[PDB]
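Q: mind folding the following:
(one chain, ligands or ions: 3)
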Amino acid sequence: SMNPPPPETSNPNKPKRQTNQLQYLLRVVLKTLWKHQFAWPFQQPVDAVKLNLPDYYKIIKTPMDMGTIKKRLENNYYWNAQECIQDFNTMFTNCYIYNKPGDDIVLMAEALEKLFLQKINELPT
Ligand code: NA
Ligand code: NA
Ligand code: NA
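A: Numbering: from 1, shown residues only. Ligands and ions are numbered 1, 2, ... in the order given. What follows is the structure:
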(Lines give C-alpha, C1' and ligand atoms only; values in the text may rest on other atoms or scores of the structure.)
(Ligands and ions follow the chains in the order given, each with its own letter.)
Protein backbone atom coordinates (compact mmCIF):
# COMPACT_ATOMS: atom_id res chain seq x y z
CA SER A 1 0.00 0.00 0.00
CA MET A 2 3.05 2.22 -0.05
CA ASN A 3 4.32 3.00 -3.50
CA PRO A 4 7.36 0.95 -4.48
CA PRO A 5 10.60 2.83 -5.06
CA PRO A 6 10.64 4.15 -8.61
CA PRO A 7 12.57 2.35 -11.35
CA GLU A 8 16.22 3.25 -11.29
CA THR A 9 17.27 6.01 -13.68
CA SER A 10 21.04 5.68 -13.25
CA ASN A 11 23.36 2.87 -12.23
CA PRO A 12 27.08 3.35 -11.44
CA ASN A 13 27.96 -0.01 -13.01
CA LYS A 14 25.88 0.17 -16.20
CA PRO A 15 27.74 1.30 -19.34
CA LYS A 16 26.63 4.49 -21.08
CA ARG A 17 26.65 5.76 -24.65
CA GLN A 18 24.39 7.78 -26.95
CA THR A 19 23.64 6.33 -30.36
CA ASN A 20 21.91 8.22 -33.15
CA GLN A 21 18.91 6.03 -32.38
CA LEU A 22 19.01 6.94 -28.70
CA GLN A 23 19.22 10.64 -29.62
CA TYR A 24 16.14 10.16 -31.79
CA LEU A 25 14.32 8.39 -28.97
CA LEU A 26 14.91 11.39 -26.68
CA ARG A 27 14.62 14.30 -29.11
CA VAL A 28 11.78 12.99 -31.29
CA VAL A 29 9.97 10.09 -29.63
CA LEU A 30 10.02 11.07 -25.96
CA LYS A 31 9.63 14.78 -26.68
CA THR A 32 6.67 14.29 -29.04
CA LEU A 33 4.85 12.14 -26.49
CA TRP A 34 5.88 14.31 -23.53
CA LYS A 35 4.33 17.41 -25.10
CA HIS A 36 1.06 15.66 -25.99
CA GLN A 37 -2.09 16.85 -24.22
CA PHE A 38 -2.63 13.36 -22.71
CA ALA A 39 0.94 12.97 -21.42
CA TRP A 40 0.53 13.93 -17.74
CA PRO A 41 -0.64 10.54 -16.30
CA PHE A 42 2.38 8.96 -17.97
CA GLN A 43 4.97 11.59 -17.00
CA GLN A 44 5.87 10.01 -13.62
CA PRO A 45 5.44 6.68 -11.81
CA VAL A 46 1.84 5.76 -11.00
CA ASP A 47 1.23 7.18 -7.53
CA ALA A 48 -1.05 4.44 -6.24
CA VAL A 49 -1.23 6.15 -2.84
CA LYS A 50 -2.40 9.56 -4.08
CA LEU A 51 -4.69 7.89 -6.65
CA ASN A 52 -6.00 5.52 -3.94
CA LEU A 53 -5.41 2.38 -6.01
CA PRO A 54 -4.09 -0.10 -3.44
CA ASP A 55 -4.07 -3.01 -5.92
CA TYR A 56 -2.14 -1.22 -8.69
CA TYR A 57 1.22 -2.63 -7.56
CA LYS A 58 -0.37 -5.94 -6.65
CA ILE A 59 -1.16 -6.29 -10.37
CA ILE A 60 1.67 -4.33 -12.03
CA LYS A 61 5.06 -5.76 -11.09
CA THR A 62 7.10 -4.06 -13.84
CA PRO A 63 6.05 -0.41 -13.63
CA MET A 64 7.33 2.06 -16.18
CA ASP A 65 6.58 5.65 -17.10
CA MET A 66 7.90 8.40 -19.35
CA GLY A 67 9.51 10.36 -16.52
CA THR A 68 11.69 7.33 -15.84
CA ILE A 69 12.33 6.86 -19.56
CA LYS A 70 13.22 10.54 -19.98
CA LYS A 71 15.65 10.50 -17.05
CA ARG A 72 17.17 7.25 -18.35
CA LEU A 73 17.74 8.79 -21.81
CA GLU A 74 18.93 12.06 -20.33
CA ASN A 75 21.39 10.05 -18.21
CA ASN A 76 22.64 7.82 -21.09
CA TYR A 77 21.29 4.90 -19.04
CA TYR A 78 20.43 2.77 -22.07
CA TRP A 79 23.00 1.04 -24.24
CA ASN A 80 20.71 0.62 -27.26
CA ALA A 81 17.39 1.70 -28.70
CA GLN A 82 15.75 -1.67 -28.05
CA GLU A 83 16.07 -1.23 -24.26
CA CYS A 84 14.25 2.10 -24.41
CA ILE A 85 11.56 0.91 -26.85
CA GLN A 86 10.89 -1.98 -24.45
CA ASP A 87 10.22 0.48 -21.62
CA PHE A 88 7.67 2.38 -23.74
CA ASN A 89 5.96 -0.90 -24.63
CA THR A 90 5.89 -1.93 -20.96
CA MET A 91 4.34 1.42 -20.04
CA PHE A 92 1.50 0.92 -22.51
CA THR A 93 1.04 -2.76 -21.65
CA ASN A 94 0.72 -1.96 -17.92
CA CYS A 95 -2.04 0.56 -18.60
CA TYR A 96 -4.00 -1.95 -20.68
CA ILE A 97 -3.55 -4.75 -18.10
CA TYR A 98 -4.71 -2.73 -15.09
CA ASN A 99 -7.52 -0.70 -16.65
CA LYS A 100 -10.61 -1.59 -18.68
CA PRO A 101 -11.21 -0.96 -22.39
CA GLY A 102 -12.98 2.36 -22.73
CA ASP A 103 -11.50 3.91 -19.59
CA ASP A 104 -10.31 7.47 -20.14
CA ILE A 105 -6.75 6.50 -19.23
CA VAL A 106 -6.77 3.66 -21.78
CA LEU A 107 -7.97 6.02 -24.50
CA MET A 108 -5.17 8.38 -23.49
CA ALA A 109 -2.63 5.55 -23.68
CA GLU A 110 -3.94 4.39 -27.04
CA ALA A 111 -3.52 7.93 -28.40
CA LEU A 112 0.09 8.16 -27.18
CA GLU A 113 0.90 4.66 -28.43
CA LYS A 114 -0.33 5.47 -31.94
CA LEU A 115 1.99 8.49 -31.99
CA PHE A 116 4.80 6.35 -30.54
CA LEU A 117 4.47 3.75 -33.28
CA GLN A 118 4.40 6.46 -35.95
CA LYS A 119 7.63 8.02 -34.67
CA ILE A 120 9.38 4.67 -34.20
CA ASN A 121 8.61 4.01 -37.87
CA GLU A 122 11.12 6.76 -38.66
CA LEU A 123 13.82 5.62 -36.25
CA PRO A 124 17.16 5.99 -38.08
CA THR A 125 17.81 2.56 -39.57
NA1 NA B 1 20.55 12.42 -34.83
NA1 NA C 1 3.79 -0.57 -27.22
NA1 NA D 1 -7.34 -4.66 -18.19
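Q: give the helix, strand or coil label for residue 94.
A: Counting by DSSP: H, G, I helix; E, B strand; the rest coil, the backbone at residue 94 sits in helix.
Q: now it. Nearest residue, chain neighbours left out?
A: Nearest-residue entry for residue 94: residue 60, 4.9 Å, with adjacent residues in sequence omitted and distances by C-beta to C-beta, 6 or more residues apart in numbering. Where C-beta positions appear, they are placed from N, C-alpha and C, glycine not excepted.
Q: same question for residue 20.
A: In space, residue 20 is closest to residue 124, 5.1 Å off (C-beta to C-beta, 6+ apart).
Q: now do the same contact list for that neighbour.
A: By C-beta atoms under 8 Å, 6 or more residues apart in numbering, the residues touching residue 124 are 20, 21, 24.
Q: and those as a markdown table, adding secondary structure and distance to residue 95?
A: A markdown table is the format used below for the contacts of residue 124 (DSSP: H, G, I helix; E, B strand; the rest coil; distance: C-beta to C-beta, whole Å):
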| residue | secondary structure | distance to residue 95 |
| --- | --- | --- |
| 20 | helix | 29 |
| 21 | helix | 25 |
| 24 | helix | 24 |
